[PDB]
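A.B. asks: The structure follows.
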Amino acid sequence: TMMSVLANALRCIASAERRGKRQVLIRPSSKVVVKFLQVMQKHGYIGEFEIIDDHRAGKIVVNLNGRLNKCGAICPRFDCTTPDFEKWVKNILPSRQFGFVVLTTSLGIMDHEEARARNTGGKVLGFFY
Amino acid sequence: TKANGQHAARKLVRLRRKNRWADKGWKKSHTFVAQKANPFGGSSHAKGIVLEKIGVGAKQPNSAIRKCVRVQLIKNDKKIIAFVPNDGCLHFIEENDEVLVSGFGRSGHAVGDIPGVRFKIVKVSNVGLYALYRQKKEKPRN
Amino acid sequence: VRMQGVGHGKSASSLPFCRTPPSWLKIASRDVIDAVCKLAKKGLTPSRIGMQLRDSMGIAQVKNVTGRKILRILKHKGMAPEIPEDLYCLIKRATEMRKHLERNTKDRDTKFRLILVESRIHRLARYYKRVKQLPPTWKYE
RNA sequence: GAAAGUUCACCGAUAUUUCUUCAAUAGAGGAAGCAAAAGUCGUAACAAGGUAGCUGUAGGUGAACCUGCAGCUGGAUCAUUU
RNA sequence: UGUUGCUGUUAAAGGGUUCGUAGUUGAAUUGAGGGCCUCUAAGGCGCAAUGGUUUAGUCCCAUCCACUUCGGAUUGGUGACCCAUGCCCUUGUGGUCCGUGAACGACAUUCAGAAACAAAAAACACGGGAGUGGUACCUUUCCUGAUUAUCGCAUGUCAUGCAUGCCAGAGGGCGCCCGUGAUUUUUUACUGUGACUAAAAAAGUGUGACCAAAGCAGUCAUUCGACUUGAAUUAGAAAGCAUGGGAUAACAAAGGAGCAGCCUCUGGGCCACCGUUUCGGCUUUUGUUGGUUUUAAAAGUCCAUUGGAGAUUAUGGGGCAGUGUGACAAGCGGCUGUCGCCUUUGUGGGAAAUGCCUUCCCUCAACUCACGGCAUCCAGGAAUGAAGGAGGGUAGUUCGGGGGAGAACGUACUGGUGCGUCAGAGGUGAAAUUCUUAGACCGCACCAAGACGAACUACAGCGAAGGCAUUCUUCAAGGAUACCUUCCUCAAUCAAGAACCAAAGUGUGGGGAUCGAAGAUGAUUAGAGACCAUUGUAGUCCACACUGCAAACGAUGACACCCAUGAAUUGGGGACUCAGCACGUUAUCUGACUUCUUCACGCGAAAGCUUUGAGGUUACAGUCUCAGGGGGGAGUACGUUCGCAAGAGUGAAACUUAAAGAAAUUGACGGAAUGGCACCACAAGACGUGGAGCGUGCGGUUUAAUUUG
């Protein structure tokens with residue numbers, strides 16, 4: 001089976017992006033997968049997306065503008081902290097300039113940049129370039 | 001591969017503890033059979049009493065005769081061979097003289113063109129043998 | 001994936017995309033209920049009750065034309081079986097294999113199948129004594 | 001009040017003897033491993049290596065090996081009644 | 001040694017397969033709200049107006065008529081649409097404000113959130129305490145009343161009482177302590193902040209010990225000291241502590257009829273309350289303590305109806321009775337299989353009103369439709385969903401070298417018997433071993449015994465793997481497909497443990513045709529149970545036991561997601577007589593096996609791999625598990641567990657060596673292949689040399705030297 005929802009979604013996006021395809025299908029939907037997409041659509045990396053309803057589990061559909069290069073998943077959801085933002089941001093990303101790690105917090109779902117700003121660490125979620 | 005789970009820890013630990021026994025660079029440290037085997041006890045040097053001078057051959061690609069010394073060890077009562085590592089200083093070693101003994105280079109493999117010998121004679125009667133070779137001191141028979 | 005042994009199949013039954021009752025079904029909750037319980041007294045399992053209903057009366061789903069499905073009906077009227085459907089069936093198949101094997105001890109296939117069916121029944125048992133639906137002293141044999 | 005001494009209980013050194021466990025150790029003879037030589041006997045493997053090769057197994061033979069049985073191709077074949 | 005950050009097709013390395021516990025990992029749902037004003041803040045696939053001669057267009061029309069690929073024509077034409085502001089709908093930014101979903105009263109109260117209520121709240125509300133709060137804390141509405149302390153009046157006076165009282169009522173408002181109440185309170189990881197934590201050491205701030213490792217010192221006026229002299233500060237694993245945050249997780253419970261409080265005004269009746277053992281406990285006030293007893297609230301319980309709800313219709317469902325309506329076949333009727341029963345009887349249709357009503361046709365499935373009596377019975381419909389996640393059901397006499405049993409069938413091999421013939425036959429490179437007048441070989445006929453099921457049989461099928469092929473019958477299964485049936489997380493993978501497992505081997509019994517290790521004999525050869533030939537035992541077969549050792553290979557672990565090109569095949573589904581059938585073609589789909597010898601991206605050292613991964617991996621993380629750490633020594637030794645034994649599992653070290661190994665390339669070689677070429681190669685065939693007698697050269701020996709290349 002699949003033991004991470006995110007992993008199932010963002011291996012469709014990455015593959016599709018490397019083939020230059022301008023839409024992708026996503027088999028499941030979660031409250032979580034939504035939030036992840038939302039982020040990247042603000043910062044300009046996605047055109048739009050639709051959630052469709054089968055009344056069992058939804059099928060997300062996304063429009064890629066080709067502005068992504070990867071969307072990963074950090075699977076164990078390891079604990080990152082106020083000092084350790086530095087660590088992750090160096091090690092898994094090609095840059096500090098345009099690398100975006102996305103984290104979970106009690107507050108919501110947000111970029112590392114906004115995480116530091118509000119001074120709360122948390123468990124990591126995923127990342128994109 | 002490996003396990004990425006949160007509570008996966010103990011499987012990882014026990015895996016490493018198993019696979020370090022396939023390393024010989026782990027055994028050489030932790031195991032005391034290695035220590036026992038080494039003729040110095042794993043000490044830097046040891047002293048011995050010269051028994052006999054033994055002429056030793058050489059391997060096929062480089063034909064030579066090599067001058068070696070059959071020595072007995074005071075510490076453990078083991079016997080060992082060692083090489084005289086200067087030109088024409090076989091003289092300065094004589095039978096029943098105390099002598100020091102060292103390792104040389106790689107100490108798990110024998111040196112080229114002398115099989116079985118990893119051991120070179122640094123000092124004869126606590127005098128530097130190099131000092132005798134390139135004259136400064138003279139050997140005591142005192 | 002198939003639980004035990006090889007198999008990938010996609011043979012399945014879907015749902016209607018309309019969860020409200022058809023216009024050609026003008027039958028009320030009560031008529032549906034009555035039909036279920038009536039049939040049940042013959043000793044029919046819920047699986048065949050639904051089949052009889054859908055085919056004859058055009059019923060979309062029991063759940064769509066009543067507020068509850070087939071077991072909930074039965075339970076409330078005290079006709080429900082105390083041995084779940086899936087468990088019972090396996091035990092029947094099991095015993096029948098054991099007949100065949102009693103006669104034929106050279107039969108390789110049905111032996112291995114019985115081993116499967118056994119451990120499968122055990123999984124069910126274990127389940128239904130966590131989620132109480134059998135006594136907690138239940139055992140296959 | 002109180003000493004020498006008496007009896008009994010308790011703690012118990014040490015010696016003796018047995019057992020357990022750990023470490024190190026001599027030995028007729030037999031058998032392997034490794035390293036040498038300008039020794040001896042053959043020609044097995046690599047070419048279809050001149051008996052295709054190899055794996056498993058059992059037996060045989062002075063050696064390398066050989067033979068039966070079932071497989072693999074890492075074969076000398078990706079292939080010949082639509 | 002690869003947690004961050006390793007590798008396992010071929011280089012060291014995926015276990016022979018399956019089941020399966022500890023352990024590890026595990027799908028989706030509960031939902032993070034809004035309005036009015038300003039702002040050229042943007043977009044507009046909304047839009048009234050009104051603008052625009054081609055100062056911009058296309059459909060229609062006009063004229064031609066051009067057989068068919070010319071055109072222009074003006075006001076053309078609210079047409080189409082193009083460059084414009086509000087009317088816009090969103091959204092950016094800006095303010096404050098919401099009972100912040102729906103619901104309730106709206107000025108004199110409850111006033112723009114309050115009593116009630118909703119929701120939230122145990123950090124709460126429900127009763128209460130002077131030993132609570134530095135002498136019992138604070139306060140505003142409503143009336144009573146005003147000490148205006150003319151330190152005076154009252155209480156109190158045997159007083160160190162030279163001591164208090166100086167607001168009735170109203171709801172209250174905090175603080176303190178205790179009692180009572182919860183339909184099921186509630187926690188933890190994680191994070192932010194804060195507490196609590198020896199120095200030395202480290203990071204660090206200040207400072208010219210002459211600098212420097214260092215130290216915690218010193219520095220300045222200028223004297224009979226100043227700097228308020230400095231000697232900062234941070235980190236310091238888990239674990240414990242307090243308090244915010246509430247996304248992601250984990251713990252625990254539930255498992256759905258295995259259930260579940262309607263609230264409330266008032267009145268009456270009864271009633272001890274704990275408790276039940278030979279008499280125990282008990283709430284204030286009546287001055288107080290000791291005794292009994294009453295009245296009364298409270299609580300319980302019974303009846304009564306006062307107002308209001310309800311998350312599932314009580315004027316209701318369920319079951320009886322009467323009448324008329326619609327109706328089948330016999331009994332009856334039409335006057336031609338089918339219609340009706342004293343008509344019509346299908347349903348909308350018809351008529352008539354200002355889509356709807358009514359009238360009219362007048363609601364069929366043997367009880368169906370309409371109306372009425374009142375007689376009954378009696379809580380029950382309020383539940384997340386149904387994962388291209390697992391289990392189960394039903395069906396096509398579905399699909400298949402799947403598995404077991406029983407019965408027949410086929411030739412051949414070998415042997416026997418009978419009928420005939422007559423000299424060689426077996427066998428090989430050539431032979432010989434071997435068999436023959438006691439008639440072999442050979443031909444035909446028949447019988448015996450045992451094995452096997454050719455061709456058809458495939459870049460096909462089924463089975464978990466190992467494996468599986470004549471026909472008929474028979475027993476229990478398995479996979480795929482079809483479904484608006486059922487269950488609702490029951491899962492994935494695996495130490496431990498369990499089951500299956502090619503051939504050869506072992507035990508016991510039956511069988512023994514063929515082939516055949518060992519053995520025997522004959523060749524081949526320098527030597528040869530060799531390879532070859534003739535024989536031949538174990539074995540080869542079956543039943544019941546063991547063994548579990550294979551190149552058990554796809555040298556590729558299992559589950560899951562994404563991933564393109566073309567043509568086929570195998571099953572299912574989709575558009576009289578084993579028969580509303582079977583096959584084929586076109587197209588589609590799900591499930592299997594594989595090919596592109598035009599497989600896309602990509603990967604790899606290369607060979608190669610490609611939805612069927614070794615791809616999506618230094619941009620390194622989907623999940624689980626097993627194995628490997630230079631080559632030998634070794635799968636050896638020792639120990640130990642299993643086995644009758646053969647063997648199987650587990651598994652070192654001493655010592656030694658610097659390479660071993662993988663793939664590709666260029667050369668060379670082959671008793672490898674193919675195409676060619678040479679009297680230094682051969683065929684046909686002419687002439688010699690090769691052993692004599694001579695000359696010459698070389699070797700040997702000789703000798704002063706027999707110079708030497």
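Chain identifiers are assigned as A, B, and so on, following the order in which chains appear in the structure tokens; residues are numbered from 1 within each chain, and ligands are numbered from 1 in order of appearance.
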Excluding same-chain residues fewer than 2 positions from residue 73 in chain B, what lies within 9 Å of it counting only C-alpha atoms (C1' of nucleotides), as number ranges by chain?
C.D. replies: B: 39-40, 46-50, 71, 75-80
A.B. asks: Could you take the residues named above and write them with N, CA, C and O atoms, as a compact mmCIF listing (two decimals), in the first residue's frame?
C.D. replies:
# COMPACT_ATOMS: atom_id res chain seq x y z
N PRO B 39 53.90 -9.77 19.16
CA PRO B 39 54.92 -10.36 20.01
C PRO B 39 55.38 -9.37 21.04
O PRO B 39 56.11 -9.78 21.95
N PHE B 40 54.98 -8.08 20.93
CA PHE B 40 55.40 -7.05 21.86
C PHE B 40 54.33 -6.88 22.91
O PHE B 40 54.55 -6.19 23.90
N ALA B 46 60.21 -3.88 22.20
CA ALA B 46 60.57 -4.82 23.22
C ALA B 46 62.02 -5.10 23.02
O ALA B 46 62.61 -4.71 22.01
N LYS B 47 62.64 -5.76 24.02
CA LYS B 47 64.02 -6.15 24.01
C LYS B 47 64.06 -7.64 23.97
O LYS B 47 63.10 -8.31 24.32
N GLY B 48 65.21 -8.16 23.53
CA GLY B 48 65.40 -9.56 23.32
C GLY B 48 66.86 -9.83 23.40
O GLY B 48 67.68 -8.92 23.33
N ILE B 49 67.21 -11.13 23.52
CA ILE B 49 68.57 -11.61 23.57
C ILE B 49 68.80 -12.25 22.24
O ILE B 49 68.03 -13.12 21.84
N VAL B 50 69.86 -11.83 21.51
CA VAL B 50 70.29 -12.43 20.25
C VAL B 50 70.64 -13.88 20.49
O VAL B 50 71.31 -14.21 21.46
N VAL B 71 66.16 -13.91 17.24
CA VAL B 71 66.22 -13.24 18.52
C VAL B 71 65.15 -13.93 19.34
O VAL B 71 64.20 -14.48 18.79
N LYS B 75 60.16 -10.82 27.29
CA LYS B 75 58.83 -10.62 27.83
C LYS B 75 57.96 -11.85 27.84
O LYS B 75 57.31 -12.12 28.84
N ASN B 76 57.91 -12.60 26.71
CA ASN B 76 56.89 -13.60 26.51
C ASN B 76 57.49 -14.94 26.19
O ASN B 76 56.75 -15.92 26.14
N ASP B 77 58.83 -15.01 26.01
CA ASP B 77 59.56 -16.21 25.62
C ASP B 77 59.05 -16.74 24.31
O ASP B 77 58.60 -17.88 24.21
N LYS B 78 59.06 -15.86 23.29
CA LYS B 78 58.70 -16.16 21.93
C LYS B 78 59.95 -15.90 21.14
O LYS B 78 60.85 -15.21 21.61
N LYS B 79 60.02 -16.45 19.91
CA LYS B 79 61.16 -16.27 19.05
C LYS B 79 60.64 -15.52 17.88
O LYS B 79 59.44 -15.52 17.61
N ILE B 80 61.54 -14.80 17.18
CA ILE B 80 61.16 -13.91 16.13
C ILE B 80 62.39 -13.75 15.28
O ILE B 80 63.49 -14.13 15.68
A.B. asks: Neighbouring residues of residue 672 in chain E were defined as those with any atom within 12 Å, considering only C-alpha atoms (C1' of nucleotides); residues of the same chain fewer than 4 positions away were excluded. Please report them as a PyMOL selection string.
C.D. replies: chain D and resi 47-50+76
A.B. asks: Find the residues in chain C near chain A: any atom within 12 Å counts, using only C-alpha atoms. Write them as a ChimeraX atom specification.
C.D. replies: /C:1,14-19
A.B. asks: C1' of residue 398 in chain E and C1' of residue 478 in chain E are how many Å apart?
C.D. replies: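 Computing the Euclidean distance for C1' of residue 398 in chain E and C1' of residue 478 in chain E yields 13.5 Å.
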A.B. asks: Should the cut-off be 9 Å, what would the residue list for chain B against chain A look like, counting only C-alpha atoms, as a list in words?
C.D. replies: residues 4, 5 and 6 of chain B
A.B. asks: Write a file of the just-selected residues containing N, CA, C and O atoms, as a PDB file, in the first residue's frame.
C.D. replies:
ATOM      1  N   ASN B   4      13.006   3.601   7.841  1.00  0.00           N
ATOM      2  CA  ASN B   4      12.884   5.023   8.046  1.00  0.00           C
ATOM      3  C   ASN B   4      11.880   5.327   9.119  1.00  0.00           C
ATOM      4  O   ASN B   4      11.647   6.497   9.419  1.00  0.00           O
ATOM      5  N   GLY B   5      11.303   4.288   9.774  1.00  0.00           N
ATOM      6  CA  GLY B   5      10.275   4.447  10.780  1.00  0.00           C
ATOM      7  C   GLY B   5      10.780   5.149  12.012  1.00  0.00           C
ATOM      8  O   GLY B   5      11.978   5.172  12.278  1.00  0.00           O
ATOM      9  N   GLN B   6       9.850   5.703  12.822  1.00  0.00           N
ATOM     10  CA  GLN B   6      10.148   6.451  14.021  1.00  0.00           C
ATOM     11  C   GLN B   6      10.664   5.572  15.122  1.00  0.00           C
ATOM     12  O   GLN B   6      11.539   5.991  15.873  1.00  0.00           O
TER      13      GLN B   6
END
A.B. asks: Give me the residues within 7 Å of residue 45 in chain B as JSON, numbers by chain, counting only C-alpha atoms (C1' of nucleotides) and dropping any in the same chain fewer than 2 places off.
C.D. replies: {"B": [40, 43, 101, 102]}
A.B. asks: May I have the selected residues written with N, CA, C and O atoms, as an mmCIF file, in the first residue's frame?
C.D. replies:
data_model
loop_
_atom_site.group_PDB
_atom_site.id
_atom_site.type_symbol
_atom_site.label_atom_id
_atom_site.label_comp_id
_atom_site.auth_asym_id
_atom_site.auth_seq_id
_atom_site.Cartn_x
_atom_site.Cartn_y
_atom_site.Cartn_z
ATOM 1 N N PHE B 40 54.979 -8.080 20.934
ATOM 2 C CA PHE B 40 55.397 -7.055 21.860
ATOM 3 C C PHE B 40 54.333 -6.880 22.907
ATOM 4 O O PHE B 40 54.554 -6.185 23.897
ATOM 5 N N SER B 43 52.867 -3.341 22.657
ATOM 6 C CA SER B 43 53.757 -2.284 23.077
ATOM 7 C C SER B 43 54.568 -1.810 21.904
ATOM 8 O O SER B 43 54.674 -2.494 20.889
ATOM 9 N N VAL B 101 64.027 -4.174 19.208
ATOM 10 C CA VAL B 101 63.396 -4.730 18.044
ATOM 11 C C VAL B 101 62.213 -3.819 17.929
ATOM 12 O O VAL B 101 61.657 -3.363 18.928
ATOM 13 N N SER B 102 61.825 -3.520 16.676
ATOM 14 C CA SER B 102 60.753 -2.627 16.337
ATOM 15 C C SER B 102 59.988 -3.302 15.251
ATOM 16 O O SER B 102 60.419 -4.325 14.728
#
A.B. asks: Determine, counting only C-alpha atoms (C1' of nucleotides), which protein, DNA and RNA residues have an atom within 12 Å of an atom of residue 411 in chain E; residues of the same chain fewer than 5 positions away are not included. Present the result as a list in words.
C.D. replies: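 In the requested format, the answer is residues 452, 453, 454 and 470 of chain E.
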A.B. asks: Keeping only C-alpha atoms (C1' of nucleotides), write the selected residues as a PDB file, in the first residue's frame.
C.D. replies:
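File produced: part-v4.pdb:
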ATOM      1  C1'   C E 452       5.836 -44.053 -21.560  1.00  0.00           C
ATOM      2  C1'   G E 453       1.889 -40.952 -24.193  1.00  0.00           C
ATOM      3  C1'   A E 454       5.398 -39.057 -30.053  1.00  0.00           C
ATOM      4  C1'   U E 470      -3.777 -40.318 -24.370  1.00  0.00           C
TER       5        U E 470
END
A.B. asks: Provide as a list in words the residues of chain B at most 12 Å from chain D, counting only C-alpha atoms (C1' of nucleotides).
C.D. replies: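 For chain B, the answer reads residues 57, 58, 59, 60, 114, 115 and 116 of chain B.
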A.B. asks: Taking C-alpha atoms for each residue, export the selection above as a PDB file, in the first residue's frame.
C.D. replies:
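Contents of part19.pdb, as written:
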ATOM      1  CA  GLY B  57      67.066 -15.535   1.000  1.00  0.00           C
ATOM      2  CA  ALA B  58      64.793 -13.346  -1.075  1.00  0.00           C
ATOM      3  CA  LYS B  59      61.858 -13.696  -3.448  1.00  0.00           C
ATOM      4  CA  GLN B  60      62.027 -14.388  -7.188  1.00  0.00           C
ATOM      5  CA  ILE B 114      61.954 -10.753   2.966  1.00  0.00           C
ATOM      6  CA  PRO B 115      59.053 -13.145   3.733  1.00  0.00           C
ATOM      7  CA  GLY B 116      57.739 -13.418   7.292  1.00  0.00           C
TER       8      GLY B 116
END
A.B. asks: Within 9 Å of chain B, which residues belong to chain E? Use only C-alpha atoms (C1' of nucleotides) and report them as a ChimeraX atom specification.
C.D. replies: /E:1,3,6-7,23-25,621,623-624,628-629,654,656-657
A.B. asks: Counting only C-alpha atoms (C1' of nucleotides), which residues in chain E sit no more than 6 Å from chain C? For each one, give the nearest pair of atoms and the distance in Å, sorted by chain then residue number, as JSON lines.
C.D. replies:
{"residue": "E:255", "atom": "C1'", "partner": "C:131", "partner_atom": "CA", "distance": 5.8}
{"residue": "E:257", "atom": "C1'", "partner": "C:76", "partner_atom": "CA", "distance": 5.6}
{"residue": "E:381", "atom": "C1'", "partner": "C:67", "partner_atom": "CA", "distance": 5.4}
{"residue": "E:392", "atom": "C1'", "partner": "C:86", "partner_atom": "CA", "distance": 4.1}
{"residue": "E:393", "atom": "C1'", "partner": "C:47", "partner_atom": "CA", "distance": 5.5}
{"residue": "E:403", "atom": "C1'", "partner": "C:109", "partner_atom": "CA", "distance": 5.1}
{"residue": "E:404", "atom": "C1'", "partner": "C:107", "partner_atom": "CA", "distance": 4.7}
{"residue": "E:464", "atom": "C1'", "partner": "C:5", "partner_atom": "CA", "distance": 5.9}
{"residue": "E:476", "atom": "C1'", "partner": "C:100", "partner_atom": "CA", "distance": 5.5}
{"residue": "E:483", "atom": "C1'", "partner": "C:13", "partner_atom": "CA", "distance": 5.7}
{"residue": "E:484", "atom": "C1'", "partner": "C:16", "partner_atom": "CA", "distance": 5.0}
{"residue": "E:485", "atom": "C1'", "partner": "C:50", "partner_atom": "CA", "distance": 5.1}
{"residue": "E:486", "atom": "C1'", "partner": "C:47", "partner_atom": "CA", "distance": 4.6}
{"residue": "E:490", "atom": "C1'", "partner": "C:127", "partner_atom": "CA", "distance": 5.9}
A.B. asks: As a ChimeraX atom specification, please: the residues near residue 100 in chain A (cut-off 7 Å, only C-alpha atoms (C1' of nucleotides), same-chain neighbours under 4 positions excluded).
C.D. replies: /A:111-112,127-129
A.B. asks: Go ahead and save the picked residues with N, CA, C and O atoms, as a PDB file, in the first residue's frame.
C.D. replies:
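Contents of selection-v9.pdb, as written:
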ATOM      1  N   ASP A 111       5.858  27.968   4.970  1.00  0.00           N
ATOM      2  CA  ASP A 111       7.261  28.035   4.633  1.00  0.00           C
ATOM      3  C   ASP A 111       8.099  28.259   5.855  1.00  0.00           C
ATOM      4  O   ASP A 111       7.637  28.844   6.831  1.00  0.00           O
ATOM      5  N   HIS A 112       9.367  27.784   5.807  1.00  0.00           N
ATOM      6  CA  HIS A 112      10.410  28.012   6.782  1.00  0.00           C
ATOM      7  C   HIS A 112      10.601  29.480   7.050  1.00  0.00           C
ATOM      8  O   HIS A 112      10.706  29.880   8.202  1.00  0.00           O
ATOM      9  N   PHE A 127       9.151  19.870   0.514  1.00  0.00           N
ATOM     10  CA  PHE A 127      10.059  20.885   0.044  1.00  0.00           C
ATOM     11  C   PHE A 127       9.906  20.981  -1.443  1.00  0.00           C
ATOM     12  O   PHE A 127       9.416  20.056  -2.087  1.00  0.00           O
ATOM     13  N   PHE A 128      10.352  22.116  -2.017  1.00  0.00           N
ATOM     14  CA  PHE A 128      10.245  22.371  -3.426  1.00  0.00           C
ATOM     15  C   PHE A 128      11.266  23.428  -3.742  1.00  0.00           C
ATOM     16  O   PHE A 128      11.790  24.088  -2.844  1.00  0.00           O
ATOM     17  N   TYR A 129      11.593  23.574  -5.047  1.00  0.00           N
ATOM     18  CA  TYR A 129      12.595  24.499  -5.520  1.00  0.00           C
ATOM     19  C   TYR A 129      11.875  25.571  -6.337  1.00  0.00           C
ATOM     20  O   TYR A 129      11.165  25.203  -7.312  1.00  0.00           O
TER      21      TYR A 129
END
A.B. asks: Output as a PyMOL selection string the set of chain E residues within 10 Å of chain A, with distances taken over only C-alpha atoms (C1' of nucleotides).
C.D. replies: chain E and resi 4+25-29+31-32+190-192+245-249+385-389+491-492+559-563+601+616+619-623
A.B. asks: May I ask for the distance between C1' of residue 417 in chain E and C1' of residue 513 in chain E, given in Å to one decimal place?
C.D. replies: 18.3 Å
A.B. asks: Output as JSON, numbers by chain all residues of chain B that backbone DSSP marks as alpha helix (DSSP H).
C.D. replies: {"B": [9, 10, 11, 12, 13, 14, 15, 16, 17, 18, 19, 24, 25, 26, 27, 28, 29, 30, 33, 34, 35, 36, 37, 129, 130, 131, 132, 133]}
A.B. asks: Quick one: pull the distance between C1' of residue 416 in chain E and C1' of residue 451 in chain E, Å, one decimal.
C.D. replies: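 Interatomic distance, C1' of residue 416 in chain E to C1' of residue 451 in chain E: 19.0 Å.
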